[PDB]
$ cat entry10.pdb   # PDB, C-alpha atoms and all ligand atoms
ATOM      1  CA  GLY A   1      -7.382  12.468 -12.736
ATOM      2  CA  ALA A   2      -9.401  13.391  -9.620
ATOM      3  CA  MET A   3     -11.040  16.921  -9.689
ATOM      4  CA  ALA A   4      -9.208  17.962  -6.460
ATOM      5  CA  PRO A   5      -6.729  15.140  -5.684
ATOM      6  CA  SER A   6      -6.917  14.315  -1.913
ATOM      7  CA  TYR A   7      -5.523  12.010   0.800
ATOM      8  CA  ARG A   8      -7.951  10.295   3.231
ATOM      9  CA  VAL A   9      -7.579   7.554   5.856
ATOM     10  CA  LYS A  10     -10.118   4.841   6.820
ATOM     11  CA  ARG A  11      -9.946   2.162   9.546
ATOM     12  CA  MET A  12     -11.442  -0.962   7.911
ATOM     13  CA  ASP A  13     -10.595  -3.967   5.700
ATOM     14  CA  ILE A  14      -9.028  -2.777   2.370
ATOM     15  CA  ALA A  15     -10.965  -5.711   0.700
ATOM     16  CA  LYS A  16     -14.139  -3.498   1.196
ATOM     17  CA  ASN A  17     -12.523  -0.381  -0.441
ATOM     18  CA  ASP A  18     -14.543   2.121  -2.578
ATOM     19  CA  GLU A  19     -11.638   2.985  -4.952
ATOM     20  CA  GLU A  20     -10.847   2.137  -8.621
ATOM     21  CA  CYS A  21      -7.883  -0.134  -7.733
ATOM     22  CA  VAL A  22      -6.130  -1.672  -4.717
ATOM     23  CA  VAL A  23      -2.499  -2.012  -3.586
ATOM     24  CA  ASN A  24      -1.714  -5.389  -1.985
ATOM     25  CA  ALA A  25       1.040  -5.535   0.669
ATOM     26  CA  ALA A  26       2.374  -8.618  -1.153
ATOM     27  CA  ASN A  27       5.145 -11.144  -0.564
ATOM     28  CA  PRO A  28       7.757 -11.615  -3.321
ATOM     29  CA  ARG A  29       6.452 -15.124  -4.204
ATOM     30  CA  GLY A  30       2.817 -14.294  -4.995
ATOM     31  CA  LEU A  31       1.606 -16.493  -2.054
ATOM     32  CA  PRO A  32      -1.673 -15.891  -0.139
ATOM     33  CA  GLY A  33       0.300 -14.736   2.917
ATOM     34  CA  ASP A  34      -1.161 -13.124   6.106
ATOM     35  CA  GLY A  35      -2.997  -9.887   7.112
ATOM     36  CA  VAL A  36      -3.799  -7.470   4.174
ATOM     37  CA  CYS A  37      -2.349 -10.035   1.690
ATOM     38  CA  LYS A  38      -4.730 -12.816   2.905
ATOM     39  CA  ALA A  39      -7.782 -10.462   2.729
ATOM     40  CA  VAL A  40      -6.721  -9.518  -0.831
ATOM     41  CA  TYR A  41      -6.295 -13.246  -1.749
ATOM     42  CA  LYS A  42      -9.854 -14.044  -0.501
ATOM     43  CA  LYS A  43     -11.418 -11.081  -2.410
ATOM     44  CA  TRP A  44      -9.374 -11.154  -5.682
ATOM     45  CA  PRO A  45      -7.753 -14.637  -5.910
ATOM     46  CA  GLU A  46      -7.560 -14.402  -9.727
ATOM     47  CA  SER A  47      -5.080 -11.497  -9.300
ATOM     48  CA  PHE A  48      -2.427 -13.893  -7.887
ATOM     49  CA  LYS A  49      -1.761 -15.492 -11.308
ATOM     50  CA  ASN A  50       1.963 -14.750 -11.986
ATOM     51  CA  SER A  51       2.018 -12.015  -9.293
ATOM     52  CA  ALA A  52       5.525 -12.906  -7.940
ATOM     53  CA  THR A  53       7.885  -9.897  -8.146
ATOM     54  CA  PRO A  54      11.046  -8.795  -6.299
ATOM     55  CA  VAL A  55      11.366  -6.632  -3.217
ATOM     56  CA  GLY A  56      11.079  -2.904  -4.014
ATOM     57  CA  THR A  57       8.805  -3.533  -7.083
ATOM     58  CA  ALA A  58       5.107  -3.553  -7.940
ATOM     59  CA  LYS A  59       3.336  -5.835 -10.409
ATOM     60  CA  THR A  60      -0.305  -5.281 -11.490
ATOM     61  CA  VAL A  61      -2.634  -8.218 -12.235
ATOM     62  CA  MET A  62      -6.293  -7.650 -13.283
ATOM     63  CA  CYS A  63      -9.196  -9.426 -11.468
ATOM     64  CA  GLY A  64     -11.796  -8.960 -14.209
ATOM     65  CA  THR A  65     -11.290  -5.252 -14.994
ATOM     66  CA  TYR A  66     -10.326  -4.381 -11.342
ATOM     67  CA  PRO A  67      -6.528  -3.758 -11.004
ATOM     68  CA  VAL A  68      -4.620  -5.309  -8.040
ATOM     69  CA  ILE A  69      -1.138  -3.700  -7.695
ATOM     70  CA  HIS A  70       1.070  -6.202  -5.801
ATOM     71  CA  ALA A  71       3.685  -4.021  -4.011
ATOM     72  CA  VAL A  72       6.535  -5.849  -2.208
ATOM     73  CA  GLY A  73       7.984  -3.965   0.745
ATOM     74  CA  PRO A  74      11.130  -5.241   2.518
ATOM     75  CA  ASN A  75      10.998  -7.473   5.597
ATOM     76  CA  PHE A  76      13.063  -5.468   8.173
ATOM     77  CA  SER A  77      13.861  -8.807   9.925
ATOM     78  CA  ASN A  78      16.247  -9.472   6.924
ATOM     79  CA  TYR A  79      17.237  -6.039   5.557
ATOM     80  CA  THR A  80      19.504  -3.542   7.343
ATOM     81  CA  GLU A  81      17.675  -0.305   8.388
ATOM     82  CA  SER A  82      19.559   1.478   5.551
ATOM     83  CA  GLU A  83      18.831  -1.043   2.740
ATOM     84  CA  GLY A  84      15.253  -1.639   3.996
ATOM     85  CA  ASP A  85      14.555   2.120   3.942
ATOM     86  CA  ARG A  86      15.784   2.268   0.249
ATOM     87  CA  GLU A  87      13.618  -0.742  -0.784
ATOM     88  CA  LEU A  88      10.517   0.634   1.016
ATOM     89  CA  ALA A  89      10.883   4.012  -0.817
ATOM     90  CA  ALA A  90      11.381   2.141  -4.139
ATOM     91  CA  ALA A  91       8.234  -0.052  -3.684
ATOM     92  CA  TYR A  92       6.062   3.105  -3.287
ATOM     93  CA  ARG A  93       7.740   4.779  -6.354
ATOM     94  CA  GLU A  94       6.720   1.672  -8.433
ATOM     95  CA  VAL A  95       3.131   1.925  -7.045
ATOM     96  CA  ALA A  96       2.955   5.564  -8.303
ATOM     97  CA  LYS A  97       4.124   4.450 -11.805
ATOM     98  CA  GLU A  98       1.417   1.695 -11.918
ATOM     99  CA  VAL A  99      -1.388   3.991 -10.635
ATOM    100  CA  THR A 100      -0.375   6.533 -13.365
ATOM    101  CA  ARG A 101      -0.171   3.876 -16.153
ATOM    102  CA  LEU A 102      -3.651   2.471 -15.262
ATOM    103  CA  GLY A 103      -5.349   5.925 -15.563
ATOM    104  CA  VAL A 104      -7.394   5.354 -12.351
ATOM    105  CA  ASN A 105      -8.911   8.320 -10.522
ATOM    106  CA  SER A 106      -8.562   6.657  -7.043
ATOM    107  CA  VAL A 107      -6.456   3.970  -5.251
ATOM    108  CA  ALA A 108      -6.730   2.127  -1.911
ATOM    109  CA  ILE A 109      -3.293   1.664  -0.261
ATOM    110  CA  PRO A 110      -2.019   0.066   2.955
ATOM    111  CA  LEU A 111       1.167   1.167   4.814
ATOM    112  CA  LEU A 112       3.861  -1.192   3.443
ATOM    113  CA  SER A 113       6.288  -2.936   5.874
ATOM    114  CA  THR A 114       4.264  -1.883   9.040
ATOM    115  CA  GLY A 115       2.912  -5.366  10.064
ATOM    116  CA  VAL A 116       4.795  -8.708  10.001
ATOM    117  CA  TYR A 117       7.565  -7.090   7.815
ATOM    118  CA  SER A 118       8.237  -4.285  10.429
ATOM    119  CA  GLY A 119      11.038  -6.175  12.279
ATOM    120  CA  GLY A 120       9.067  -5.403  15.505
ATOM    121  CA  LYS A 121       9.376  -1.579  15.104
ATOM    122  CA  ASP A 122       6.738   1.178  14.736
ATOM    123  CA  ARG A 123       7.217   2.364  11.105
ATOM    124  CA  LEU A 124       3.992   4.465  10.700
ATOM    125  CA  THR A 125       5.879   7.729   9.999
ATOM    126  CA  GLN A 126       8.674   6.080   7.879
ATOM    127  CA  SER A 127       6.170   4.198   5.668
ATOM    128  CA  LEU A 128       3.639   7.068   5.372
ATOM    129  CA  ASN A 129       6.399   9.606   4.430
ATOM    130  CA  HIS A 130       7.625   7.281   1.619
ATOM    131  CA  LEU A 131       3.957   6.891   0.473
ATOM    132  CA  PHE A 132       3.633  10.721   0.277
ATOM    133  CA  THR A 133       7.008  11.170  -1.540
ATOM    134  CA  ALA A 134       5.802   8.767  -4.299
ATOM    135  CA  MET A 135       2.105   9.684  -4.512
ATOM    136  CA  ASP A 136       2.351  13.523  -4.209
ATOM    137  CA  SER A 137       3.040  13.898  -7.975
ATOM    138  CA  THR A 138       0.033  11.666  -8.937
ATOM    139  CA  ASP A 139      -3.526  13.026  -9.349
ATOM    140  CA  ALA A 140      -5.413   9.974  -8.027
ATOM    141  CA  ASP A 141      -7.510  10.286  -4.828
ATOM    142  CA  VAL A 142      -5.486   8.187  -2.327
ATOM    143  CA  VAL A 143      -7.361   6.385   0.505
ATOM    144  CA  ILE A 144      -5.009   4.872   3.115
ATOM    145  CA  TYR A 145      -6.382   1.803   4.990
ATOM    146  CA  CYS A 146      -5.365   0.825   8.553
ATOM    147  CA  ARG A 147      -6.769  -1.397  11.364
ATOM    148  CA  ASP A 148      -5.506   0.255  14.641
ATOM    149  CA  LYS A 149      -7.485   3.150  16.255
ATOM    150  CA  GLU A 150      -4.333   5.077  17.377
ATOM    151  CA  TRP A 151      -2.735   4.669  13.892
ATOM    152  CA  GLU A 152      -5.949   6.092  12.313
ATOM    153  CA  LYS A 153      -5.603   9.249  14.497
ATOM    154  CA  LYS A 154      -1.847   9.648  13.689
ATOM    155  CA  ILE A 155      -2.308   9.139   9.914
ATOM    156  CA  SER A 156      -5.219  11.642   9.922
ATOM    157  CA  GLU A 157      -3.058  14.152  11.906
ATOM    158  CA  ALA A 158      -0.179  13.750   9.382
ATOM    159  CA  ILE A 159      -2.521  14.343   6.375
ATOM    160  CA  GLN A 160      -4.129  17.446   8.039
ATOM    161  CA  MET A 161      -0.652  18.900   8.982
ATOM    162  CA  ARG A 162       0.161  19.398   5.225
ATOM    163  CA  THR A 163      -3.379  21.074   5.111
TER     164      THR A 163
HETATM  165 CL    CL A 201     -13.976  -3.968   8.320
HETATM  166 CL    CL A 202       3.771  -5.871   6.510
HETATM  167 CL    CL A 203      -2.788  -0.478  11.409
END

$ encode --input "entry10.pdb" --output "structure tokens"
Amino acid sequence: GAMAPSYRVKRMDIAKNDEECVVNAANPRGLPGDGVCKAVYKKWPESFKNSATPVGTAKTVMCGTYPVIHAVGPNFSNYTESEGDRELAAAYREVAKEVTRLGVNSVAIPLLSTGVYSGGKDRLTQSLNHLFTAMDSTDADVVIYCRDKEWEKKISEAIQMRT
């Protein structure tokens, strides 16, 4: 475990993370995809061997000894708000199980279902609150990765609010 488990936020490419493992915002089919998923495919292509997994699940594949946790959030274009919210919560619960099983002291994580799976909505708060519900009982240092300057400020605010 980390000595004093923390949350932090950085605005940069998650493929350049300084943590012991990474969470991919994956598609259910294990395809290279777009956005975070394409960056992850370029950096750790070996981790996409048999990485397909259903919505609301996470599947870990090792790239050498470096764990890539493929977490599949719902596409809100297809899910109802209600069913999408349940699947997004579930995906983060499966990430917490994998992070615990691996024994890592730190993890890099993006905000699931906030990009091309957002159904054209702002889901910063919804996605971040499900991340906290899952990861609060783990003792890994969590580093959240984002690309937008205003999102960085809001995520930082939300972390600081809990102290
Ligand atoms: Cl960058
Ligand atoms: Cl997304
Ligand atoms: Cl972002």

$ closest_residue --input "entry10.pdb" --among "A:45, A:1, A:11, A:129" --to "residue A:150" --atoms "only C-alpha atoms"
A:11

$ closest_residue --input "entry10.pdb" --among "A:6, A:106, A:51, A:57" --to "residue A:18" --atoms "all atoms listed in the file"
A:106

$ residues_around --input "entry10.pdb" --residues "residue A:69" --least-positions-apart "2" --cutoff "12 Å" --atoms "all atoms listed in the file" --output "MDAnalysis selection string"
chainID A and resid 20:26 30 37 40 44 47:48 51:53 57:63 66:67 71:72 91:92 94:102 104 107:110

$ residues_near_ligand --input "entry10.pdb" --ligand "ligand CL 203 (chain A)" --cutoff "7 Å" --atoms "all atoms listed in the file" --output "MDAnalysis selection string"
chainID A and resid 146:148 151

$ closest_residue --input "entry10.pdb" --among "A:105, A:75, A:126, A:27" --to "residue A:139" --atoms "all atoms listed in the file"
A:105

$ resolve_selection --input "entry10.pdb" --expression "the PyMOL selection byres (((not hetatm)) within 9 of (chain A and resi 201))" --output "PyMOL selection string"
chain A and resi 11-16+147

$ resolve_selection --input "entry10.pdb" --expression "the PyMOL selection byres (((chain A and resi 113) around 9) and not hetatm)" --output "ChimeraX atom specification"
/A:25,72-76,88,111-112,114-119,123,127

$ atom_distance --input "entry10.pdb" --atom1 "atom CA of residue A:9" --atom2 "atom CA of residue A:154"
9.9 Å

$ atom_distance --input "entry10.pdb" --atom1 "atom CA of residue A:138" --atom2 "atom CA of residue A:5"
8.3 Å

$ atom_distance --input "entry10.pdb" --atom1 "atom CA of residue A:3" --atom2 "atom CA of residue A:163"
17.2 Å

$ closest_residue --input "entry10.pdb" --among "A:49, A:43, A:38, A:86" --to "ligand CL 202 (chain A)" --atoms "all atoms listed in the file"
A:38

$ closest_residue --input "entry10.pdb" --among "A:149, A:162, A:93, A:121" --to "ligand CL 202 (chain A)" --atoms "all atoms listed in the file"
A:121

$ closest_residue --input "entry10.pdb" --among "A:153, A:70, A:8, A:130" --to "residue A:31" --atoms "only C-alpha atoms"
A:70

$ build_atoms --input "entry10.pdb" --residues "stretch 74-85 of chain A" --atoms "N, CA and C atoms" --output "PDB file, in the coordinates of the input"
ATOM      1  N   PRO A  74      10.105  -4.424   1.855  1.00  0.00           N
ATOM      2  CA  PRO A  74      11.130  -5.241   2.518  1.00  0.00           C
ATOM      3  C   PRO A  74      10.663  -5.741   3.881  1.00  0.00           C
ATOM      4  N   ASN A  75      11.137  -6.950   4.216  1.00  0.00           N
ATOM      5  CA  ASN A  75      10.998  -7.473   5.597  1.00  0.00           C
ATOM      6  C   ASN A  75      12.200  -6.998   6.420  1.00  0.00           C
ATOM      7  N   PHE A  76      11.996  -6.098   7.357  1.00  0.00           N
ATOM      8  CA  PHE A  76      13.063  -5.468   8.173  1.00  0.00           C
ATOM      9  C   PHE A  76      13.696  -6.507   9.115  1.00  0.00           C
ATOM     10  N   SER A  77      13.147  -7.700   9.233  1.00  0.00           N
ATOM     11  CA  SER A  77      13.861  -8.807   9.925  1.00  0.00           C
ATOM     12  C   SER A  77      15.138  -9.170   9.133  1.00  0.00           C
ATOM     13  N   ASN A  78      15.156  -8.983   7.815  1.00  0.00           N
ATOM     14  CA  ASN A  78      16.247  -9.472   6.924  1.00  0.00           C
ATOM     15  C   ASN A  78      17.123  -8.359   6.393  1.00  0.00           C
ATOM     16  N   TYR A  79      16.539  -7.208   6.098  1.00  0.00           N
ATOM     17  CA  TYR A  79      17.237  -6.039   5.557  1.00  0.00           C
ATOM     18  C   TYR A  79      17.850  -5.259   6.731  1.00  0.00           C
ATOM     19  N   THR A  80      18.997  -4.640   6.486  1.00  0.00           N
ATOM     20  CA  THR A  80      19.504  -3.542   7.343  1.00  0.00           C
ATOM     21  C   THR A  80      18.526  -2.364   7.329  1.00  0.00           C
ATOM     22  N   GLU A  81      18.520  -1.542   8.376  1.00  0.00           N
ATOM     23  CA  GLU A  81      17.675  -0.305   8.388  1.00  0.00           C
ATOM     24  C   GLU A  81      17.926   0.498   7.111  1.00  0.00           C
ATOM     25  N   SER A  82      19.178   0.659   6.712  1.00  0.00           N
ATOM     26  CA  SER A  82      19.559   1.478   5.551  1.00  0.00           C
ATOM     27  C   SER A  82      18.985   0.874   4.256  1.00  0.00           C
ATOM     28  N   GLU A  83      19.227  -0.408   4.009  1.00  0.00           N
ATOM     29  CA  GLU A  83      18.831  -1.043   2.740  1.00  0.00           C
ATOM     30  C   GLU A  83      17.301  -1.210   2.720  1.00  0.00           C
ATOM     31  N   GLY A  84      16.720  -1.545   3.846  1.00  0.00           N
ATOM     32  CA  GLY A  84      15.253  -1.639   3.996  1.00  0.00           C
ATOM     33  C   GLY A  84      14.597  -0.313   3.672  1.00  0.00           C
ATOM     34  N   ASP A  85      15.132   0.772   4.204  1.00  0.00           N
ATOM     35  CA  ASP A  85      14.555   2.120   3.942  1.00  0.00           C
ATOM     36  C   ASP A  85      14.572   2.379   2.426  1.00  0.00           C
TER      37      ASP A  85
END
